[PDB]
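A.B. asks: Questions regarding the structure given below will be posed in turn.
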Amino acid sequence: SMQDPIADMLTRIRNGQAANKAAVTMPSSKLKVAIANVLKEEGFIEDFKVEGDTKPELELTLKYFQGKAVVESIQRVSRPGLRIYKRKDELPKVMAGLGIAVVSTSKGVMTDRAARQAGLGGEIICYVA
Amino acid sequence: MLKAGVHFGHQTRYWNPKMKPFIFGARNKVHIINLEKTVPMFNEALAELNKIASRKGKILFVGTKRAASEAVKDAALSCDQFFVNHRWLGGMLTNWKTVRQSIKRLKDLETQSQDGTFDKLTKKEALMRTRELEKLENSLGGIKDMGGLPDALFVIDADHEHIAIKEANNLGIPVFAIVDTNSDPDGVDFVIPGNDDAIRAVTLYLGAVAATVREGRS
Amino acid sequence: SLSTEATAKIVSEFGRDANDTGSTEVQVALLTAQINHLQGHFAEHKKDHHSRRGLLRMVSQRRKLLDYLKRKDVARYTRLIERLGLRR
RNA sequence: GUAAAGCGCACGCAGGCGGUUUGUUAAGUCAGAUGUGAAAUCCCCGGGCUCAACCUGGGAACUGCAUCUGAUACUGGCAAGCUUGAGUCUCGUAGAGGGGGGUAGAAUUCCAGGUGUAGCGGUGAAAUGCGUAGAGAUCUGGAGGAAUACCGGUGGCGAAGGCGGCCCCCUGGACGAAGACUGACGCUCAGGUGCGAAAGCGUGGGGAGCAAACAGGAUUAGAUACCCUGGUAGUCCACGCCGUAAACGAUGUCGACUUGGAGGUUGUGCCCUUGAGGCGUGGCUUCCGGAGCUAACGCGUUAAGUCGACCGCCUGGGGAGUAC
RNA sequence: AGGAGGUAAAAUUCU
Ligand SMILES: [Mg+2]
Ligand SMILES: [Mg+2]
Ligand SMILES: [Mg+2]
Ligand SMILES: [Mg+2]
Ligand SMILES: [Mg+2]
Ligand SMILES: [Mg+2]
Ligand SMILES: [Mg+2]
Ligand SMILES: [Mg+2]
Ligand SMILES: [Mg+2]
Ligand SMILES: [Mg+2]
Ligand SMILES: [Mg+2]
Ligand SMILES: [Mg+2]
Ligand SMILES: [Mg+2]
Ligand SMILES: [Mg+2]
Ligand SMILES: [Mg+2]
Ligand SMILES: [Mg+2]
Ligand SMILES: [Mg+2]
Ligand SMILES: [Mg+2]
Ligand SMILES: [Mg+2]
Ligand SMILES: [Mg+2]
């Protein structure tokens with residue numbers, strides 16, 4: 001429901017991109033933006049708008065290739081009934097390096113590629129590939 | 001950039017939903033199409049069949065259904081290739097390893113509608129022999145005398161040639177067909193919307209692709 | 001669901017003006033008011049099981065939202081139940 | 001869903017879970033620092049008994065705990081809000097939603113007569129049975145009980161069970177439209193509560209039809225049956241039990257997200273009533289079907305596709321939903 | 001050319 005909105009976010013865009021849509025409208029939270037920004041900073045999308053108000057509306061564009069979507073997998077890992085946190089040394093390598101794992105931390109959100117070269121950990125939120 | 005007068009888009013509430021992006025139709029329910037999508041889908045399709053008609057390419061006209069049947073029997077006999085006109089025989093290509101050997105039974109008794117024995121024996125062999133000749137010539141001018149792997153063919157109605165489009169897709173052969181407002185595009189790399197059904201409209205595409213290809217490189 | 005006129009009365013005193021129809025005070029008041037009158041309906045009839053099913057919603061809901069405020073604005077409750085009747 | 005598995009249905013305590021913005025804390029979370037995590041054992045590199053097993057030096061490892069110091073995105077606490085989830089008010093809509101009382105109309109049975117004469121009824125064929133006090137047929141009249149033909153329809157309504165003539169009284173829910181108030185008041189729910197076809201039980205009342213049991217006629221090798229003549233419980237009402245069904249869509253509840261076609265049905269916003277409209281937009285609903293799912297059958301915006309919250313349940317056939 | 005109503009009775013078994 002509106003119980004796991006980030007998972008609702010990842011769904012929007014999953015059977016979004018499967019459905020070959022142009023983009024997808026969506027309610028905004030100060031978080032959703034901060035995860036979108038990493039999908040931008042890693043080119044799983046082209047870019048996101050806030051399309052805001054007092055009832056924010058973050059939209060965000062497609063990103064395809066040859067004929068397919070660039071997101072060949074986007075699932076929710078940690079989640080409301082089962083929260084997941086990793087240490088710095090022990091964090092995941094999605095497709096053993098290719099593709100990322102977005103992970104909150106004492107310093108904003110941020111990626112797994114980034115997570116270490118910085119040197120800390122936190123809530124691993126989704127796996128993106 | 002109309003070029004083609006009375007034409008628009010025909011056929012009604014059948015329409016493949018995955019044919020939304022090229023159709024600004026409605027109108028009495030017979031939804032008409034975006035025509036400045038079809039003609040740039042010519043200037044790319046009608047175009048890039050000379051990059052191949054210069055490569056000594058060998059097309060193949062494909063048109064059946066009792067409606068402008070032997071309208072395709074035309075310059076097609078010349079247009080650096082040939083045709084196929086009455087029912088799509090299951091895998092003449094696909095299974096060229098055979099049926100190819102039924103051109104034989106034709107051109108054998110073809111050069112025999114006039115050459116060697118064409119009357120000598122009984123006049124009961126009379127019709128039954130020409131009945132063979134009669135039964136396949138309106139079924140495979142298809143090859144007459146060919147040569148190659150007929151690369152890229154041209155089909156009037158996309159899905160009425162149900163088979164032809166698939167068989168081509170299994171073999172790697174190109175595509176080149178038109179889609180009115182109900183046939184599944186999907187398997188036609190060179191898609192030319194318009195309309196499959198109208199004696200007028202069909203002869204326009206036919207006449208336009210018959211041109212352009214005929215000028216291979218002289 | 002009582003009379004379209006009725007409830008007109010009860011939005012006052014409970015509410016800060018008329019058409020302030022959404023303060024948790026009023027619905028509770030609207031509910032109780034029906035329930036109470038509506039216990040008459042189940043005196044007679046009484047084998048009217050279905051109608052009762054709707055009743056308990058009123059009671060469930062009433063109680064559910066009587067608990068909501070217990071968390072917000074303390075003694076915004078202890079100024080309405082006695083004002084009404086019910087804490088059994 | 002059909003293989004074992006979704007409680008028959010709903011309401012709700014605990015608990016799990018939770019929209020969105022600011023601060024605030026530092027619980028969870030993350031980083032470091034120090035302490036500690038005996039030795040042997042396993043591992044790595046060596047040493048030594050002729051080699052090996054074995055003995056042995058040193059290291060790594062002991063996936064951990066505690067404390068002090070920080071970081072503060074995410075979760076939680078505290079604070080204050082927000083309105084979009086949610087509820088309240090307003091005018092209406094259709095409905096076999098539920099409860100009470102009322103009344104109509106057609107038929108079956110029976111009671112009394114009128115006329116009327118030897119047959120009626122029933123089956124595969126019969127016979128039991130009914131008729132010479134007169135049947136069946138027919139007419140008129142009068143009882144009484146149960147059920148509502150036609151409307152009626154892949155129609156509506158209900159949480160499920162389930163609800164159909166007409167009439168008023170009491171009452172539940174769903175849905176539409178504008179705007180008004182509320183300001184997360186939520187979702188799910190082990191326990192707990194209640195609803196729950198038919199048969200069945202109690203107390204009485206009721207009893208036209210139908211019909212377990214029972215009887216007689218057939219049938220048959222037998223016929224404790226299927227068929228025929230009868231027929232009690234019961235089926236009906238009242239009040240209290242019982243609590244189970246292939247209670248099924250064999251498909252738990254909520255929310256969000258993904259091409260389409262024919263409809264059915266019930267609203268409502270806009271535009272010459274300009275039609276029994278033109279153009280839209282809600283809720284429910286039936287058939288077909290894409291992608292995708294599937295073991296296949298099939299499902300396919302009312303999912304069995306894509307997700308997330310929470311509950312229930314399965315772990316080979318039997319034994320057994322049995323014993324205690 | 002739709003609907004309607006009537007057309008098969010009982011009859012077991014096979015290391
Ligand atoms: Mg089963
Ligand atoms: Mg169920
Ligand atoms: Mg949360
Ligand atoms: Mg040695
Ligand atoms: Mg040790
Ligand atoms: Mg917080
Ligand atoms: Mg009479
Ligand atoms: Mg009577
Ligand atoms: Mg009502
Ligand atoms: Mg009960
Ligand atoms: Mg009963
Ligand atoms: Mg009884
Ligand atoms: Mg059971
Ligand atoms: Mg049922
Ligand atoms: Mg279907
Ligand atoms: Mg649909
Ligand atoms: Mg589902
Ligand atoms: Mg038992
Ligand atoms: Mg037999
Ligand atoms: Mg025997």
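Identifiers in this document derive from the order of the structure tokens: chains are assigned A, B, ..., residues are numbered from 1 separately in each chain, and ligands are numbered from 1 in order of occurrence.
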As a ChimeraX atom specification, please: all residues of chain C that backbone DSSP puts in helix (DSSP H, G or I).
C.D. replies: /C:9-11,24-41,49-71
A.B. asks: For chain B, report every residue with an atom at most 12 Å from chain A (counting only C-alpha atoms), formatted as a PyMOL selection string.
C.D. replies: chain B and resi 18+21+186
A.B. asks: Pick from D:260, D:62, D:89, D:142: nearest to residue C:18, with only C-alpha atoms (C1' of nucleotides) counted?
C.D. replies: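 Going through D:260, D:62, D:89, D:142 one by one, the smallest distance to residue C:18 is for D:89.
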A.B. asks: For ligand 6, collect every residue having any atom at a distance of at most 10 Å from a ligand atom (counting only C-alpha atoms (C1' of nucleotides) and all ligand atoms); output as a PyMOL selection string.
C.D. replies: chain D and resi 23-25+74-78
A.B. asks: Which polymer residues have any atom within 10 Å of an atom of residue D:1, counting only C-alpha atoms (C1' of nucleotides), with same-chain residues fewer than 6 positions away left out, as a PDB file with N, CA, C and O atoms (P, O5', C5', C4', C3', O3' and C1' of nucleotides), in the first residue's frame?
C.D. replies:
ATOM      1  P     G D 249     -18.612 -19.807  -5.225  1.00  0.00           P
ATOM      2  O5'   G D 249     -17.472 -19.613  -6.311  1.00  0.00           O
ATOM      3  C5'   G D 249     -17.477 -20.359  -7.523  1.00  0.00           C
ATOM      4  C4'   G D 249     -16.137 -20.294  -8.218  1.00  0.00           C
ATOM      5  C3'   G D 249     -15.039 -21.161  -7.592  1.00  0.00           C
ATOM      6  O3'   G D 249     -14.214 -21.697  -8.625  1.00  0.00           O
ATOM      7  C1'   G D 249     -14.319 -18.923  -7.645  1.00  0.00           C
ATOM      8  P     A D 250     -14.096 -23.287  -8.814  1.00  0.00           P
ATOM      9  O5'   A D 250     -13.712 -23.775  -7.353  1.00  0.00           O
ATOM     10  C5'   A D 250     -12.506 -23.333  -6.740  1.00  0.00           C
ATOM     11  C4'   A D 250     -12.663 -23.230  -5.246  1.00  0.00           C
ATOM     12  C3'   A D 250     -11.375 -22.985  -4.491  1.00  0.00           C
ATOM     13  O3'   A D 250     -11.688 -22.577  -3.161  1.00  0.00           O
ATOM     14  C1'   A D 250     -12.027 -25.238  -4.247  1.00  0.00           C
ATOM     15  P     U D 251     -11.990 -21.043  -2.816  1.00  0.00           P
ATOM     16  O5'   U D 251     -10.739 -20.284  -3.440  1.00  0.00           O
ATOM     17  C5'   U D 251      -9.436 -20.433  -2.882  1.00  0.00           C
ATOM     18  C4'   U D 251      -8.474 -19.392  -3.409  1.00  0.00           C
ATOM     19  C3'   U D 251      -9.002 -17.951  -3.383  1.00  0.00           C
ATOM     20  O3'   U D 251      -7.937 -17.018  -3.163  1.00  0.00           O
ATOM     21  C1'   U D 251      -8.441 -18.532  -5.581  1.00  0.00           C
ATOM     22  P     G D 298      -7.801 -24.832 -21.430  1.00  0.00           P
ATOM     23  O5'   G D 298      -8.446 -24.259 -20.093  1.00  0.00           O
ATOM     24  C5'   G D 298      -8.559 -22.870 -19.844  1.00  0.00           C
ATOM     25  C4'   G D 298      -8.006 -22.562 -18.483  1.00  0.00           C
ATOM     26  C3'   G D 298      -7.925 -21.088 -18.102  1.00  0.00           C
ATOM     27  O3'   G D 298      -9.130 -20.633 -17.502  1.00  0.00           O
ATOM     28  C1'   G D 298      -5.828 -22.119 -17.746  1.00  0.00           C
ATOM     29  P     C D 299      -9.667 -19.139 -17.722  1.00  0.00           P
ATOM     30  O5'   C D 299      -8.667 -18.246 -16.873  1.00  0.00           O
ATOM     31  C5'   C D 299      -8.707 -18.266 -15.457  1.00  0.00           C
ATOM     32  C4'   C D 299      -7.598 -17.432 -14.864  1.00  0.00           C
ATOM     33  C3'   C D 299      -7.524 -15.982 -15.299  1.00  0.00           C
ATOM     34  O3'   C D 299      -8.462 -15.152 -14.639  1.00  0.00           O
ATOM     35  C1'   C D 299      -5.363 -16.928 -15.328  1.00  0.00           C
ATOM     36  P     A D 304      -5.989 -13.952  -8.579  1.00  0.00           P
ATOM     37  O5'   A D 304      -4.778 -14.977  -8.471  1.00  0.00           O
ATOM     38  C5'   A D 304      -3.439 -14.496  -8.439  1.00  0.00           C
ATOM     39  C4'   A D 304      -2.501 -15.346  -9.266  1.00  0.00           C
ATOM     40  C3'   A D 304      -2.156 -14.793 -10.643  1.00  0.00           C
ATOM     41  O3'   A D 304      -0.812 -15.162 -10.976  1.00  0.00           O
ATOM     42  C1'   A D 304      -3.174 -16.899 -10.885  1.00  0.00           C
TER      43        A D 304
END
A.B. asks: For ligand 9, collect every residue having any atom at a distance of at most 9 Å from a ligand atom (counting only C-alpha atoms (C1' of nucleotides) and all ligand atoms); output as a PyMOL selection string.
C.D. replies: (chain C and resi 1) or (chain D and resi 171-173)
A.B. asks: Residues near residue A:25, anyone? I mean within 7 Å using only C-alpha atoms (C1' of nucleotides), not counting same-chain ones fewer than 2 positions away, as a ChimeraX atom specification.
C.D. replies: /A:57-60
A.B. asks: Using only C-alpha atoms (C1' of nucleotides) and all ligand atoms, which protein or nucleic acid residues are at most 8 Å from ligand 5, as an MDAnalysis selection string?
C.D. replies: chainID D and resid 38:40 62
A.B. asks: Could you report the residues within 10 Å of ligand 3, using only C-alpha atoms (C1' of nucleotides) and all ligand atoms, as a VMD selection string?
C.D. replies: (chain A and resid 2 to 5 79 to 81) or (chain D and resid 17 to 19 74 to 76)
